[PDB]
Amino acid sequence: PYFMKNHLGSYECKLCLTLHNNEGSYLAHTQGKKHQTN
Amino acid sequence: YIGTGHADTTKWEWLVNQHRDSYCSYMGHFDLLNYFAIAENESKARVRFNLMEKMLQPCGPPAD
Amino acid sequence: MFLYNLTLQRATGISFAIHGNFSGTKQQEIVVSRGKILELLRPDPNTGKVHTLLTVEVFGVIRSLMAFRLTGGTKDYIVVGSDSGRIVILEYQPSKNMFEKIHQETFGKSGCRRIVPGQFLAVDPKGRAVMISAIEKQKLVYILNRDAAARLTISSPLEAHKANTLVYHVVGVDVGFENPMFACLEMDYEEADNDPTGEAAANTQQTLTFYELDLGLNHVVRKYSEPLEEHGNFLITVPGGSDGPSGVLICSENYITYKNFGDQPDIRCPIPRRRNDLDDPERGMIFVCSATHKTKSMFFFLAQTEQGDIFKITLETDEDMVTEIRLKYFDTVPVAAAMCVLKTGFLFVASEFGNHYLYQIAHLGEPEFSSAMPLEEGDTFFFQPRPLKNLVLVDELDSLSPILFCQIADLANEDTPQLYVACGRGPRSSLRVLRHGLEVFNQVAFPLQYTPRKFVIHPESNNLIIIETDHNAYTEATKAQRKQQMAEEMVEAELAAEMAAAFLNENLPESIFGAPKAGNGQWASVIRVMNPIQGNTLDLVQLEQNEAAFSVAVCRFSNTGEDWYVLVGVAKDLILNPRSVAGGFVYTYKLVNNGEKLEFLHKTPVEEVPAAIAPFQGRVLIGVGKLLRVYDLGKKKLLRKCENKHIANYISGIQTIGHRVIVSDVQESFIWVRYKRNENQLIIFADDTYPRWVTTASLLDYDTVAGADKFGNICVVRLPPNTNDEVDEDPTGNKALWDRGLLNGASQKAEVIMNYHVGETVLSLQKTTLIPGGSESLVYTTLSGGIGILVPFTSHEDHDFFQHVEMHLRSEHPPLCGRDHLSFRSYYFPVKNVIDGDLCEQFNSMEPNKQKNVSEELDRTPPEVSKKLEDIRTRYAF
Amino acid sequence: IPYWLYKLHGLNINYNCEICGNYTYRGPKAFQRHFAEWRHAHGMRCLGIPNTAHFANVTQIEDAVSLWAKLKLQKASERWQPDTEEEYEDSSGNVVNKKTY
Amino acid sequence: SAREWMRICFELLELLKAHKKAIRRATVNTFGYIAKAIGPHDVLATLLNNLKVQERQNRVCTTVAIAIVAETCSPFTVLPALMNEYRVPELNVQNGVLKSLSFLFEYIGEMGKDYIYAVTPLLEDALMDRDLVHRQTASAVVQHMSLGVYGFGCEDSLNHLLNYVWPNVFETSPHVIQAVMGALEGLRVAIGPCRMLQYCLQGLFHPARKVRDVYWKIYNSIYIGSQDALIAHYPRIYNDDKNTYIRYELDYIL
Amino acid sequence: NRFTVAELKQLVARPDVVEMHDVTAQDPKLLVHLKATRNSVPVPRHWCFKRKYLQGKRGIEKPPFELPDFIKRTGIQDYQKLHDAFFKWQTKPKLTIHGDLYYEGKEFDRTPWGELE
Amino acid sequence: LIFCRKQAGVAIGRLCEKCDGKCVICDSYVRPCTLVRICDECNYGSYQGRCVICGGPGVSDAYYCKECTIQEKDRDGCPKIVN
RNA sequence: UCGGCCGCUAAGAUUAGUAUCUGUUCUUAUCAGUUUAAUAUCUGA
Ligand SMILES: [Zn+2]
Ligand SMILES: [Zn+2]
Ligand SMILES: [Zn+2]
Ligand SMILES: [Zn+2]
Ligand SMILES: [Zn+2]
């Protein structure tokens with residue numbers, strides 16, 4: 001939904017505007033405070 | 001290297017470097033010197049000596 | 001657009017001249033530096049005619065030149081100090097007729113730098129070492145010796161740097177075979193930069209310092225230093241090692257001083273002054289150049305003053321010391337850049353400007369002034385200048401330096417155009433007419449009184465209207481008044497009356513004795529109508545003292561009809577430095593009697609120097625300071641009809657095409673202005689994106705302007721396509737607050753399409769065909785008396801061929817004085833779209849093996865390369 | 001809002017504009033943006049001064065008036081005034097302006 | 001045989017893993033020898049696929065190899081495929097393309113002038129990129145491009161790129177700022193010291209020491225490089241009460 | 001001892017360039033003079049932004065880089081066609097003027113003389 | 001890393017086998033142009049014919065590349081790395 | 001307005017640097033000093 005692959009091959013959250021190296025980085029982010037508040 | 005500056009270079013230091021570089025450049029470039037000799041109606045030697053004399057304090061005395 | 005640059009006439013001005021046996025034989029030659037060209041001259045001792053043996057473009061700025069001979073050597077080498085951060089030693093090869101580079105040692109960055117050596121060059125008199133110095137801080141000494149093969153060797157540089165120190169001059173001291181010594185006139189600026197009262201600067205003394213090179217220890221030591229009573233302008237090496245006392249003469253304002261390290265007392269002699277001199281009483285005197293003549297028996301020096309007088313200087317020595325300096329007036333010649341005494345009995349005087357002279361020294365040199373003669377405060381020695389006695393003129397080399405203005409036109413009705421060239425300088429100024437032909441250009445010279453600034457051709461008679469102006473000068477009326485009051489003061493202070501009557505009748509010609517130097521801010525100016533066929537003055541208007549004419553135009557006004565008017569823009573009481581002026585005037589003359597006589601109409605005052613005047617649409621544009629005004633004629637005045645006030649600094653020139661006006665700023669280059677006839681508005685519509693110190697401009701087409709700058713560059717600026725010149729001023733004046741434009745200037749920018757550094761300052765540019773049936777070229781003339789062209793390639797094939805030739809020659813045949821060619825042509829801006837045909841024609845001068853190597857790279861044969869080079873030359877200009 | 005963000009945004013610091021009837025803008029970002037916003041524009045309309053980049057960072061009334069006085073005289077001295085500055089001749093070369101002509 | 005060399009190409013692709021640099025350097029050259037024999041087409045396809053690797057030693061050596069192939073066989077045969085690989089949404093691939101261009105413009109020198117306008121839009125993309133390496137490597141291209149085309153009237157493209165290089169002067173990352181400074185030294189030569197001085201003027205006396213430190217390190221490099229040329233280019237500074245700052249001789253008219 | 005922004009704008013020829021932080025310079029008169037100079041280029045706007053230079057460009061699905069038309073019409077997405085791409089069909093891109101710095105939010109007779117025949 | 005930067009003399013800089021081809025300033029293998037000169041102090045004694053970059057036994061001449069030459073980086077001084 | 005604090009780059013060499021998530025982020029009454037472009041930080045009252 002807010003998961004997008006950038007042109008560099010990394011992943012971004014569209015809601016929080018946070019950069020993630022892999023899917024596991026994003027899934028840890030969704031557990032985090034910044035994603036839950038948004 | 002003389003004439004470089006840094007974050008505390010003042011107006012006066014920067015301008016004295018430009019004036020000193022300019023006078024040395026005029027002494028070095030024959031046609032630029034010719035142009036000033038013709039404009040002032042002075043001998044080239046007189047022009048050069050007057051430039052050498054301005055090299056000491058080209059912009060007037062320092063601020064502090 | 002791609003241009004190729006060719007030189008038609010190489011610069012004729014001489015910056016330096018050295019003497020020596022460069023060929024190895026007993027014949028004495030002269031190597032001369034025109035600024036960017038090194039040239040070998042050989043005066044025939046029989047005829048007394050100077051022959052040029054070799055000229056080479058060095059594509060650099062020669063800043064110093066010296067001749068050296070190793071001990072027991074028979075051939076002199078040439079050492080060059082340049083703007084490349086390299087010292088080069090050259091040897092002339094008479095068999096090949098070329099300068100061979102013997103050594104090139106690198107020590108710093110290129111350009112005329114403040115702290116990188118090159119400005120000063122001194123050689124030990126016995127050839128064991130050379131010092132190269134900067135104006136500031138840095139000095140390098142190279143040891144010179146020979147190997148087993150008797151080939152010259154050069155050491156690593158020994159440094160002799162001191163911080164905060166200005167150098168005025170350096171000479172080698174003739175110590176014989178003792179350790180080499182270099183004398184410097186030095187000044188420390190450190191205390192001046194630290195004192196805000198300004199008192200330390202005023203109390204700063206110049207020092208004479210002697211650097212000794214210990215050959216044993218391999219280091220330069222600053223052995224002796226002594227302050228001076230007043231600042232010297234240069235040093236003379238005095239003969240030594242038992243052919244003289246050693247030490248130096250220091251030439252300073254008003255005095256010549258001899259000093260030597262050791263127990264020698266300093267000996268000082270006043271410089272003799274001309275009796276009844278009309279020069280401003282406040283000014284002092286400097287020697288501008290020296291020559292040494294060492295006969296095996298004796299030595300003398302010839303030194304020339306800035307009024308052109310050569311004095312023979314001899315040192316009287318008692319047991320290896322000097323007791324007195326004696327001065328005898330020798331002769332008056334034009335002010336020299338360099339004087340050189342040839343052992344064959346000839347003296348070569350390389351004029352500061354104008355023609356160079358070779359004299360024969362008929363007699364070796366009236367009162368003999370001396371340092372031993374008593375002199376009171378205010379009192380001085382007085383000599384009387386007189387016509388040539390010790391010298392006999394044998395040859396005169398023509399030089400166009402300085403070319404101040406040029407028009408290429410057919411005024412003679414020859415179908416081939418002539419070049420009408422306004423040459424400086426002062427009372428040695430001339431209008432020269434140059435024709436292509438043998439008597440590359442033949443000249444005829446017509447004298448002028450003051451430095452010609454500008455001239456215009458009257459279309460209906462082909463008469464020239466020349467404005468001549470000098471600073472530091474008296475008008476004829478002022479000089480007469482000054483001479484009457486000096487004769488009155490002579491009588492007041494029966495024998496004096498006879499002396500006064502003699503003085504009023506004595507008329508020393510200014511072309512020979514020089515013009516009297518009036519003070520600062522004193523101008524003399526004349527407007528002269530000259531027939532260009534034979535250069536007879538039809539009319540001469542002398543302007544008032546302290547009015548300086550700077551602009552001139554010939555035009556018709558629409559309201560008055562067919563009558564021709566001359567407008568002269570004059571400044572009133574201009575001080576150059578610091579700049580101030582007391583307003584200016586435009587004078588208006590009607591040019592009557594078939595363009596022969598100037599009949600004064602009116603004088604219109606303006607607030608600033610009207611530096612540029614251009615006929616425009618049956619009216620006139622005038623640039624008054626930084627204001628561009630349209631003026632119409634009127635009856636009592638020129639009437640101001642339109643103004644633009646948005647020009648940045650000062651208007652140096654105006655060119656008009658259609659309703660576009662191209663304005664030259666003194667520093668902010670080209671501004672394009674639209675005139676709206678109906679609205680009566682001058683609107684800036686475009687500008688440049690670079691500062692340029694514009695000297696001259698030429699329009700090439702409706703969108704394109706070629707410019708030259710003070711710094712030696714030529715540029716071509718073009719408006720990009722769909723540049724709209726139709727832009728109007730806001731009638732309410734609200735849009736001016738909102739619109740700020742682009743980069744603090746015009747909203748539209750011109751594009752620079754050509755950049756090239758010529759190497760000499762260009763003061764005229766004109767687009768013209770030089771040869772009938774030939775193609776149009778952009779002709780330019782330089783202040784060093786050089787005439788060149790820039791010609792467009794018509795074909796890609798031809799542009800690509802010459803580009804390839806230039807690429808190979810830049811590597812295979814690199815500039816003699818160690819500069820990189822592409823760097824020199826990109827001196828102020830990166831070169832763009834010009835091939836240097838001065839380099840490409842060096843192909844012909846190369847060794848045949850090198851010619852074969854380059855041509856194989858070009859996939860051509862050397863005759864075929866030479867043919868292509870000639871073909872382009874002949875299409876445009878002989 | 002967390003205290004670290006309040007200090008980062010500089011909402012601690014308080015800036016006053018008199019053209020806005022002494023309205024206080026908290027933080028430099030809010031204060032440097034208002035000079036283009038409505039409240040400042042309205043205050044400049046009341047004074048009779050166009051809200052240009054000239055008068056950004058000008059908060060006091062007396063300064064904005066004096067600067068507007070300076071600008072108006074500067075722009076009038078910039079511009080071509082053919083009503084007083086064009087020179088005309090009536091008879092026998094008497095220099096007159098366009099009104100007198 | 002053509003297939004024999006293509007088998008060797010695959011073996012050479014493995015020799016870029018070698019610890020000794022002399023092997024890797026010799027391997028890179030051999031890729032250019034095969035490209036001269038067979039054709040750049042299939043050998044470049046092999047090299048472009050080796051940009052997807054993780055090892056930095058192996059991927060930099062491919063970028064050297066690609067540029068050698070572009071030097072042996074003129075860059076117009078190689079560039080269309082390198083431009084396409086930039087469209088691949090991977091970091092190491094896009095950085096690899098930029099790195100290949102850096103070496104390409106360094107090898108070809110003056111032949112750069114034919115390929116400036118082609119690469120310019122790609123270098124703008126990279127300089128606009130958030131990624132620091134894209135900006136760092138594209139600054140190295142601008143540096144080598146700039147020095148290659150000096151004296152050939154390509155100032156319009158290089159001044160355009162200066163507009164995307166110049167905002168990175170405030171970068172703190174050492175390899176990024178060293179690449180930017182190297183670009184600026186290169187552009188001083190190609191676009192001229194006047195232009196570079198014009199980019200400096202406003203920051204030399206700026207209030208923040210963040211802006212002056214940087215601007216003086218840049219100005220000092222221009223000054224040392226071009227001391228004599230700057231004489232023409234310094235802006236007019238007006239006289240103050242105590243001090244005269246106008247250079248009056250440059251205002252003389254003849 | 002500093003000017004106010006109000007006081008500096010009265011003293012300078014270009015009151016609009018004057019910025020809020022300019023009065024805190026060691027020489028505000030020289031600074032505003034240099035900011036008013038023809039063809040000088042402004043300092044990059046982000047010198048005082050807390051965020052690094054382009055770090056704020058995120059959450060955008062920007063399309064893959066568009067190749068120029070002459071390379072696109074080669075059909076890379078024939079070695080003589082590949083030569084004609086660079087040496088015949090090559091067109092100059094839309095370039096930008098001197099001083100037009102990129103910032104994060106920016107993206108989103110009339111015959112000429114000396115012409116070749 | 002720190003270059004000597006002392007006035008260079010007549011002595012020619014050398015490179016060992018491993019550093020052969022490299023520019024001493026920018027470490028490029030590409031286009032050698034100008035021959036490297038080193039100072040007398042970097043040449044005197046046991047430092048005779050040693051590599052300008054690392055300091056091993058010299059076999060070939062050191063060159064500045066064309067890019068370093070255009071930039072005049074060959075004019076900066078003795079480029080022997082001392083550290 | 002999103003700082004501060006606790007995978008990638010260098011044709012490296014055969015170690016140096018640097019992005020990113022997670023978590024934590026100090027409520028101030030009123031001024032002063034230290035500071036900085038400003039803010040913050042630190043230290044007093
Ligand atoms: Zn999220
Ligand atoms: Zn407000
Ligand atoms: Zn060393
Ligand atoms: Zn290098
Ligand atoms: Zn080594």
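Values below: all heavy atoms of this structure, side chains included; hydrogens, waters and symmetry mates excluded. So you know, we letter chains A, B, ... as the sequences are listed, proteins then strands, and number each from 1.
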Nearest whole angstrom, please: distance from the [atom2] of [N] to the [atom1] of [X].
| X | N | atom1 | atom2 | result |
| --- | --- | --- | --- | --- |
| E:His175 | H:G7 | NE2 | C1' | 16 Å |
| D:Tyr3 | H:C2 | OH | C1' | 17 Å |
| E:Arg209 | H:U36 | CZ | P | 7 Å |
| E:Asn58 | H:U14 | CG | P | 18 Å |
| A:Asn6 | H:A19 | CG | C1' | 13 Å |
| D:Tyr15 | H:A38 | OH | P | 10 Å |
| D:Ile13 | H:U30 | CD1 | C1' | 14 Å |
| D:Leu5 | H:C26 | CG | P | 10 Å |

Sign of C1'-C2'-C3'-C4' decides it: give me the sugar pucker of [N], north or south.
| N | result |
| --- | --- |
| H:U27 | south |
| H:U28 | south |
| H:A11 | south |

For atom [atom1], what is the distance between [N] and [M], given to the nearest Å?
| N | M | atom1 | value |
| --- | --- | --- | --- |
| H:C42 | H:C5 | P | 13 Å |
| H:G12 | H:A16 | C1' | 9 Å |
| H:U9 | H:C26 | P | 38 Å |
| H:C21 | H:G7 | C1' | 11 Å |
| H:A40 | H:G4 | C1' | 10 Å |
| H:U28 | H:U41 | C1' | 15 Å |
| H:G33 | H:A38 | P | 14 Å |
| H:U27 | H:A10 | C1' | 47 Å |

> Do A:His20 and A:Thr18 get their side chains close enough for a donor-acceptor pair, meaning under 3.5 Å?
Replying inline: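 Yes - a donor-acceptor pair under 3.5 Å links their side chains.
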Does [X] reach a base, just sugar-phosphate, or nothing at all? Heavy atoms under 4.0 Å.
| X | answer |
| --- | --- |
| E:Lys21 | sugar-phosphate |
| G:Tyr29 | base |
| E:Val64 | base |
| F:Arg2 | sugar-phosphate |
| E:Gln136 | sugar-phosphate |
| E:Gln54 | sugar-phosphate |
| G:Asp27 | nothing |

Is the phosphate of [N], meaning OP1 or OP2, less than 4.0 Å from a side-chain N or O of [X]?
| X | N | result |
| --- | --- | --- |
| D:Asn12 | H:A40 | yes |
| F:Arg58 | H:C21 | yes |
| E:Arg59 | H:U9 | yes |
| F:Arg51 | H:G4 | no |
| A:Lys34 | H:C21 | no |
| E:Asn95 | H:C8 | no |
| E:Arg56 | H:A10 | yes |

>> Working note: E:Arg87 + E:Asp125, criterion salt bridge (charged side-chain N to carboxylate O under 4.0 Å, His left out); need CA distance, chi angles, decisive distance, verdict.
In response: CA-CA 11 Å; E:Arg87 291 174 49 79; E:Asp125 202 282; over 6 Å; no
Contacts of type ring-ring contact (aromatic ring centres under 6.0 Å, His included), residue [X], not counting sequence neighbours:
| X | answer |
| --- | --- |
| D:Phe35 | D:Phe31, D:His40 |
| D:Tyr6 | D:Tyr3 |
| F:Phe3 | none |

>> Applying side-chain hydrogen bond (donor to acceptor under 3.5 Å, both in side chains), can you list everything that pairs with E:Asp131, at least two apart in sequence or on another chain?
In response: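 Per chain and number, E:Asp131 pairs via side-chain hydrogen bond (donor to acceptor under 3.5 Å, both in side chains) with E:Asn95, E:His134.
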> Considering residues at least two apart in sequence or located in another chain, which fulfil the side-chain hydrogen bond (donor to acceptor under 3.5 Å, both in side chains) criterion with G:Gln71?
Replying inline: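 For G:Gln71, the residues satisfying side-chain hydrogen bond (donor to acceptor under 3.5 Å, both in side chains) (neighbours in sequence not counted) are G:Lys73.
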>> Which residues in residues 99-112 of chain E have a heavy atom closer than 4.0 Å to any atom of RNA chain H?
In response: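 Nucleic-acid contacts, sorted: E:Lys99, E:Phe103.
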> H:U28: syn or anti, with syn meaning chi within 90° of zero?
Replying inline: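 With its glycosidic angle within 90° of zero, H:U28 counts as syn.
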[X] side chain: which of [options] is closest?
| X | options | result |
| --- | --- | --- |
| E:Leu91 | H:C8, H:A38, H:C21 | H:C8 |
| D:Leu8 | H:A37, H:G3, H:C21 | H:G3 |
| G:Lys22 | H:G3, H:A13, H:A10 | H:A13 |

>> With side-chain contact (heavy atoms from CB on, under 4.5 Å) as the criterion, how do E:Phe103 and E:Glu71 come out once you've worked through the C-alpha distance, each side chain's angles and the decisive distance to 0.1 Å?
In response: CA-CA 10 Å; E:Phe103 295 114; E:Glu71 195 279 306; over 6 Å; no
> Less than 5.5 Å between centroids and less than 30° between ring planes, does F:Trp47 satisfy that with H:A37?
Replying inline: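 Answer is no, no stack.
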> Is there aromatic stacking of D:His9 against H:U1, centre distance under 5.5 Å, plane angle under 30°?
Replying inline: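 Yes; by the centre-distance and plane-angle rule, D:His9 counts as stacking on H:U1.
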> Between E:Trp166 and E:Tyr215, is the gap from one ring center to the other below 6.0 Å?
Replying inline: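 Ring-ring flag for E:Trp166/E:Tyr215: true, centres closer than 6.0 Å.
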> Mapping F:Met20 and D:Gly27 to their closest nucleotides on RNA chain H, which lands nearer the 5' end?
Replying inline: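 Per heavy-atom nearest nucleotide, the more 5' residue is D:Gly27.
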>> Which is more 5' along RNA chain H, the nucleotide nearest E:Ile68 or the one nearest E:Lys20? Just name the residue.
In response: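 Whichever sits nearer the 5' end wins; that is E:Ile68.
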> So, do D:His34 and D:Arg39 sit near enough that their side-chain heavy atoms are less than 4.5 Å apart?
Replying inline: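 They are not in contact (no side-chain heavy atoms under 4.5 Å apart), so the answer is no.
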>> Does the structure show a Watson-Crick or G-U wobble partner for H:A45, both distances under 3.5 Å? Name it, or say none.
In response: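 In the structure as shown, H:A45 has no Watson-Crick or wobble partner.
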> In Å, rounded to the nearest 0.5 Å, how long is the span from CG of E:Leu91 to CG of E:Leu51?
Replying inline: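 Answer for the CG-CG pair, E:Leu91 versus E:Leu51, is 11.5 Å.
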>> Could you tell me if the bases of H:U41 and H:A40 meet the stacking criterion, namely six-membered ring centres under 5.5 Å apart and ring planes under 30° to each other?
In response: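 Yes, both criteria hold.
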>> Are the six-membered rings on the bases of H:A11 and H:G12 close enough and parallel enough to be called stacked, with the limits being 5.5 Å between centres and 30° between planes?
In response: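 No: the six-membered rings of H:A11 and H:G12 fail the 5.5 Å and 30° test.
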> Do F:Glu107 and F:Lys62 pass the salt bridge (charged side-chain N to carboxylate O under 4.0 Å, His left out) test, and can you show the C-alpha distance, the side-chain angles, and the key distance before you say yes or no?
Replying inline: CA-CA 11 Å; F:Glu107 191 180 350; F:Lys62 66 153 257 179; 5.9 Å; no
